[PDB]
């Protein structure tokens, strides 16, 4: 519930829900660097590597994502700046 693995999954899920036809990329990975606010708002996102095809797509999708609020101070303090592997 509070757990960081749970929350990381929810951020991935929120991005994937706005990503048109994400399965066409099944198998590649993009590492994103994301910065969220304590309410979940995306503040900033940049690629770090893995498939560059997947990156611009994931990057576009994440901008539309409804990310839920981090469920705890510690999980907030991770995702206020942190890499996240998106793997559709």
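Bear in mind these aren't lab numbers, they're just calculated from the coordinates by the rules spelled out. Counting neighbours? That spans all protein chains shown, and the Cβs are built from the backbone with ideal geometry, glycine included.
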Per the filter on the stretch 61-72, residues over 14 Å from residue 8 (Cα atoms) and either touching a residue at least 60 places away in the same chain (Cβ under 8 Å) or surrounded by fewer than 14 Cβ atoms within 10 Å (Cβ to Cβ) (or both) are 63, 64
Output the residues belonging to the stretch 10-27 that are farther than 16 Å from residue 83 by Cβ and either in contact with a strand residue (DSSP E or B) (Cβ under 6 Å, 6 or more places away or on another chain) or surrounded by 12 or more Cβ atoms within 10 Å (Cβ to Cβ) (or both). 10, 13, 14, 16, 17, 18, 19, 22, 24, 25
Out of all the residues in the stretch 32-46, which are under 17 Å from residue 16 (Cα atoms) and surrounded by fewer than 17 Cβ atoms within 10 Å (Cβ to Cβ)? 33, 41, 46
Every listed condition ((1) in contact with a strand residue (DSSP E or B) (Cβ under 6 Å, 6 or more places away or on another chain); (2) within 17 Å of residue 78 (Cα to Cα); (3) touching a residue at least 24 places away in the same chain (Cβ under 8 Å); (4) surrounded by fewer than 18 Cβ atoms within 10 Å (Cβ to Cβ)) holds for residue 50 save (2)
Of the residues 61, 53, which single one is within 20 Å of residue 87 (Cβ to Cβ) and over 11 Å from the mean Cα position of the chain (by Cα)? 53
